[PDB]
Amino acid sequence: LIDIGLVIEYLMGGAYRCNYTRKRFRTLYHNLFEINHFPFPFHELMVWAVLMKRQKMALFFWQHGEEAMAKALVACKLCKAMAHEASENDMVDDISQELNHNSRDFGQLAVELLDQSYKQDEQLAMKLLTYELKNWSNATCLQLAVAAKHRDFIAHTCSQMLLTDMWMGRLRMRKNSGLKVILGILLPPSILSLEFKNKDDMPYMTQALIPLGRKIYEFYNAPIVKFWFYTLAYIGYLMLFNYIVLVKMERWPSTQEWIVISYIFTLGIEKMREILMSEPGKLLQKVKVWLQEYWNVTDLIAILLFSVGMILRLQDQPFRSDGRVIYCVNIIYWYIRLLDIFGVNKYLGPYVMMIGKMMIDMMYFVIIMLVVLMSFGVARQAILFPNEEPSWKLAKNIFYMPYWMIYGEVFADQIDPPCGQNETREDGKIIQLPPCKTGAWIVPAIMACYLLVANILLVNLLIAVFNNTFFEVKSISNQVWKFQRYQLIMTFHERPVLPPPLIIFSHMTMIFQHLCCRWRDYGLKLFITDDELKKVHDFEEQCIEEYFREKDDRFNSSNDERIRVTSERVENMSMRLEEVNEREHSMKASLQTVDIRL
Amino acid sequence: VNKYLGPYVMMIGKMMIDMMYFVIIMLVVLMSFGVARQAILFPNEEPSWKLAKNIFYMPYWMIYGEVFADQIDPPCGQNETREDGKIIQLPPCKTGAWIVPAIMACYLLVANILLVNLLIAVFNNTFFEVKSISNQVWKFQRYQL
Amino acid sequence: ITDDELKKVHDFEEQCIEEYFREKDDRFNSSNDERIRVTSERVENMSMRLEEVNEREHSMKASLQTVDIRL
Ligand SMILES: CC(C)CCC[C@@H](C)[C@H]1CC[C@H]2[C@@H]3CC=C4C[C@@H](OC(=O)CCC(=O)O)CC[C@]4(C)[C@H]3CC[C@]12C
Ligand SMILES: CC(C)CCC[C@@H](C)[C@H]1CC[C@H]2[C@@H]3CC=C4C[C@@H](OC(=O)CCC(=O)O)CC[C@]4(C)[C@H]3CC[C@]12C
Ligand SMILES: CC(C)CCC[C@@H](C)[C@H]1CC[C@H]2[C@@H]3CC=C4C[C@@H](OC(=O)CCC(=O)O)CC[C@]4(C)[C@H]3CC[C@]12C
Ligand SMILES: CC(C)CCC[C@@H](C)[C@H]1CC[C@H]2[C@@H]3CC=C4C[C@@H](OC(=O)CCC(=O)O)CC[C@]4(C)[C@H]3CC[C@]12C
Ligand SMILES: CC(C)CCC[C@@H](C)[C@H]1CC[C@H]2[C@@H]3CC=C4C[C@@H](OC(=O)CCC(=O)O)CC[C@]4(C)[C@H]3CC[C@]12C
Ligand SMILES: CC(C)CCC[C@@H](C)[C@H]1CC[C@H]2[C@@H]3CC=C4C[C@@H](OC(=O)CCC(=O)O)CC[C@]4(C)[C@H]3CC[C@]12C
Ligand SMILES: CC(C)CCC[C@@H](C)[C@H]1CC[C@H]2[C@@H]3CC=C4C[C@@H](OC(=O)CCC(=O)O)CC[C@]4(C)[C@H]3CC[C@]12C
Ligand SMILES: CC(C)CCC[C@@H](C)[C@H]1CC[C@H]2[C@@H]3CC=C4C[C@@H](OC(=O)CCC(=O)O)CC[C@]4(C)[C@H]3CC[C@]12C
Ligand SMILES: CC(C)CCC[C@@H](C)[C@H]1CC[C@H]2[C@@H]3CC=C4C[C@@H](OC(=O)CCC(=O)O)CC[C@]4(C)[C@H]3CC[C@]12C
Ligand SMILES: CC(C)CCC[C@@H](C)[C@H]1CC[C@H]2[C@@H]3CC=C4C[C@@H](OC(=O)CCC(=O)O)CC[C@]4(C)[C@H]3CC[C@]12C
């Protein structure tokens, strides 16, 4: 069973720790090979039925026992991991397909259970979503569903409102949001005029004058407040970057440039702290799991570019202008990175990932446009300029004018200039125009063909591929944004309170705390008591019974099942009525014989 | 009041929100290109409000078919004879001035080809619902009129 | 409106209400789903009643055989 524990730990991933591999179970195993009886036998039977690919037995063991949602999410993750392992080990592909179908079935079961729990009681459904699962490595149903990449579980309304409650921290608010927390951040005497939540209304915790200080601490640790502080600091830093790139700079940086440099350095230290405080042990694995996000890669590239440019800028000329140029490219990047902040709004975020989805069709359009553009450019340049030396200006003249021809600039003075003739100048003097190049009349004709093909065919076809793939991309992007709400909320909850330009104080605070702890659990669970645990378990059993037997009622009242039952009964009834007619004929013959006898 | 113009007008009012979200994204891209072009082509500048105007001036008209072809990449750092034939010395090349046409190409591509066509897509795929809602709301507001 | 017109309007409203309600009933009663459900319930009751009829027919056949054996 210890090896089964390792298998569960490997398949579950992350920081999961199976109960088999814990010291209590290993001590019991060494001392023995009702103490040997399992308190939740259906948990072990479910894990066994999932592991040995017995789907019907797993679906039966899911119905019986407590913690049904957690079991379904664990089974979904285990089936997905086993399917990935079977595909990686070059096994039979049918095994991988069946395991993925089992994962999808368990995910659908968890989603239907969430629907039933939402329909019954909202608050008990959140408590079901949030309470710590002591039998599942102290995890949370939301963590289990994120870890299984169950997009439909987090996109559900109950999980969305739970994430909204997690977003506001210990604040009631929930009415004209954003403006109240901005006014609280800018004006600290506006914090105490806010409606705060109860002490034990919904205490999501990670590890389990005074009211004024308590209100201040509860406001400043709320993830919406930390997000708005981060956003205001980023906007101020971007304005300072605009000021230091627009105005000229002297030999030494000004105050605003020093603030910008400090922001860059402090953001880089924060990203290094995010690298170090990750899930793996080996540093290369942490680096890889941090570079798996594209925004982290571009952040590292931009920070390195800013370092190079600032090093170049602190020297003398001509390196200062090169550093200024690198500063301009970096300000392009940070203006683009404003879309990270735009990712939080319910409409802008799906818009941004929708743009990211259409970039591939834009790429395929750029490929075809590049073929046509280079054909026209090479033809025009090689016709109008016969005697040319090898120079890189020819490649530039290939791309220069045909590219601006797409955006309404046809360069009408150079389409077909008058040549091979004598035309009087502005002063009336006779001016002899240079002789006509051979085949120069071909250039306007191929220009007409190029402009027609490009502007009329390819742009309208890109419009068509943007239009006919819009609905699917929009639905997928909305669902992926609703899924990534959890990642955004957890990132802003694990982040320090202070924004990046002042984050060095919080970094020194963590350094001093870490050194003090050395010299002497990433999530938000609930840690409910035992009566509440029983109440939640009873609510889960009620929801499971409700869902199963309502599914039975839906199956029994369908037209197809009714028609099938009626046809089978009519067939049996026809055979029985034939038997009845035969017995009636026999009885009539017997009655006729009895009447003849008497 | 007309049976066709009224629903058209409130349909325009419904598409204004998608136009707003387009103006937001266009504003981000436009300010990135404008700040980059102005801070590259003009290194020695005093604090003046003309810089903010030069951020927004030419990139905005770049969306509507005016690319300002005489200022995309002017010839500089060389000697070119004038109209009268006199030798005229052009001002020296600014550092990184070749970046401006490249980011201009990227900006024009992204804006004119991606964002305008995406706004076309969001106008097209939300047209039927907005049209039905607008017709029904116009028929409701007939009583108020 | 006047009082006779008010009565006429009220009677028209009662006619419309009756028409709508019992036409809704006719639509519900002539639907495929209600027809299928009624047929299945009648077929189930008919199967149980025919089983009872077969049992009583067996009893009657045994009684007739006994009466024929007696006479
Ligand atoms: C936290 C960051 C990301 C943005 C927050 C905004 C403010 C806290 C900063 C942004 C710009 C700063 C200003 C930038 C430039 C100056 C000029 C500066 O003038 C001098 O230092 C003149 C004397 C000298 O040359 O030493 C005085 C501070 C001040 C007003 C700064 C005060 C603090 C400001 C308003
Ligand atoms: C929180 C977010 C939404 C906005 C906060 C940012 C502003 C408070 C910052 C961003 C840029 C700053 C400006 C950047 C540069 C200057 C020039 C500076 O003037 C000088 O440095 C020259 C003379 C002097 O030294 O005072 C005076 C401050 C000012 C207007 C700053 C005032 C404060 C500003 C507007
Ligand atoms: C098919 C479409 C979607 C993309 C193809 C277009 C680009 C690959 C082209 C269009 C305009 C070109 C630019 C036009 C002008 C220049 C300036 C050139 O530098 C100089 O000419 C030096 C300064 C001078 O001599 O004036 C460097 C190449 C570059 C950036 C070109 C690089 C390639 C660009 C961006
Ligand atoms: C510099 C100027 C002259 C640009 C040249 C314009 C035309 C001579 C080119 C540009 C795009 C070309 C088209 C691009 C794609 C296709 C599809 C391809 O046809 C197929 O693969 C056959 C299947 C089918 O036709 O559906 C080749 C012909 C055609 C119409 C090409 C015909 C020639 C076109 C119109
Ligand atoms: C399928 C598509 C992508 C074809 C694209 C091909 C052209 C865009 C390339 C291919 C070979 C290139 C040429 C290869 C070599 C040279 C010599 C080069 O000459 C020098 O650098 C001067 C030599 C010196 O003095 O050092 C100028 C660019 C040029 C003409 C290149 C111009 C652009 C060319 C024609
Ligand atoms: C493949 C698609 C998706 C992206 C488009 C990539 C190419 C079309 C670009 C990328 C890099 C570009 C090159 C980058 C630099 C130069 C040098 C440039 O040289 C000069 O301008 C010399 C200066 C002068 O004499 O004016 C000429 C264009 C060229 C070859 C560019 C031509 C177009 C290139 C190959
Ligand atoms: C992202 C898109 C959808 C909107 C962003 C574009 C506008 C915010 C920009 C584009 C052109 C700009 C205008 C261009 C020129 C001027 C003239 C300027 O006044 C002067 O220059 C004074 C007179 C003179 O000196 O000639 C005042 C700002 C204003 C109206 C600018 C205000 C901001 C405008 C409207
Ligand atoms: C001044 C010039 C250089 C303008 C800059 C043009 C590009 C460098 C920018 C403009 C718009 C940007 C895009 C805007 C939106 C997105 C979606 C966003 O991606 C996601 O949110 C991931 C989800 C997904 O890709 O669907 C960030 C990348 C991307 C493609 C951006 C990549 C960089 C782009 C193409
Ligand atoms: C996230 C986006 C919205 C960032 C946008 C930032 C820029 C568009 C702003 C922010 C700070 C602004 C600067 C703040 C202060 C000044 C000083 C100001 O100088 C004067 O008015 C002269 C002083 C005098 O003589 O009275 C000229 C505008 C300028 C450069 C501003 C230009 C426009 C800037 C760079
Ligand atoms: C947010 C979206 C939905 C709407 C777009 C709003 C901004 C892009 C606009 C609104 C007001 C505009 C400002 C109004 C007035 C001016 C003063 C103007 O100053 C001059 O032109 C100085 C005169 C000169 O020296 O030429 C420079 C542009 C600027 C900052 C404008 C820049 C663009 C702004 C911030």
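Each chain gets a letter, A, B and so on, in the order its sequence line appears, and its residues count up from 1.
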Which one wins on heavy-atom pair count under 4.5 Å against chain A: [options]?
{"options": "B/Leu109, B/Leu115, B/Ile63", "result": "B/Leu109"}
{"options": "B/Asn112, B/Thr95, B/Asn117, B/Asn124", "result": "B/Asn117"}
{"options": "B/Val28, B/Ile120, B/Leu108", "result": "B/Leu108"}

Closest non-hydrogen atoms of B/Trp138 and B/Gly6, given as atom of the first, atom of the second and distance, are CD1-CA, 4.1 Å

Would you say the side-chain atoms of [X] pair up with the backbone N or O of [Y], donor to acceptor, closer than 3.5 Å?
{"X": "A/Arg251", "Y": "A/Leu314", "answer": "yes"}
{"X": "A/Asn330", "Y": "A/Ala302", "answer": "yes"}
{"X": "B/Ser32", "Y": "B/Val29", "answer": "yes"}

Which bit of [X] is near chain B, if near means a heavy-atom gap under 4.5 Å: side chain, backbone, both or neither?
{"X": "A/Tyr243", "value": "side chain"}
{"X": "A/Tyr403", "value": "side chain"}
{"X": "A/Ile331", "value": "side chain"}
{"X": "A/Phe342", "value": "side chain"}

Taking 4.5 Å as the heavy-atom cut-off, does anything in residues 318-327 of chain A contact chain B, and if so which residues?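 Heavy-atom contacts from residues 318-327 of chain A to chain B are A/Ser321, A/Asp322, A/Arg324, A/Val325.
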
Proximal to chain B - members of residues 353-366 of chain A, heavy-atom separation under 4.5 Å: A/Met354, A/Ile355, A/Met358, A/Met359, A/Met362, A/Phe365, A/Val366

To the nearest 0.5 Å, what is the distance between CZ (B/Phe140) and CG (B/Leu145)?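 Going from the CZ atom of B/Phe140 to the CG atom of B/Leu145 covers 13.0 Å.
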
Dump the intermediate steps for side-chain contact (heavy atoms from CB on, under 4.5 Å) on A/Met374 and A/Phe399, then the final yes or no. CA-CA 7 Å; A/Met374 302 186 57; A/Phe399 295 101; 3.5 Å; yes

Counting only heavy atoms closer than 4.5 Å, note whether [X] contacts chain A via side chain, backbone, both or neither.
{"X": "B/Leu114", "answer": "both"}
{"X": "B/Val116", "answer": "neither"}
{"X": "B/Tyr64", "answer": "neither"}

So, applying ring pair (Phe, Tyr, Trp, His ring centres under 6.0 Å) with A/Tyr263, which one of A/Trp334, A/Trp258, A/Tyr237 is it? A/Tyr237

Using distance alone, with no hydrogens and no angle criterion, decide if A/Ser254 and A/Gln256 have a side-chain donor and acceptor under 3.5 Å apart.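 Short answer, yes.
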
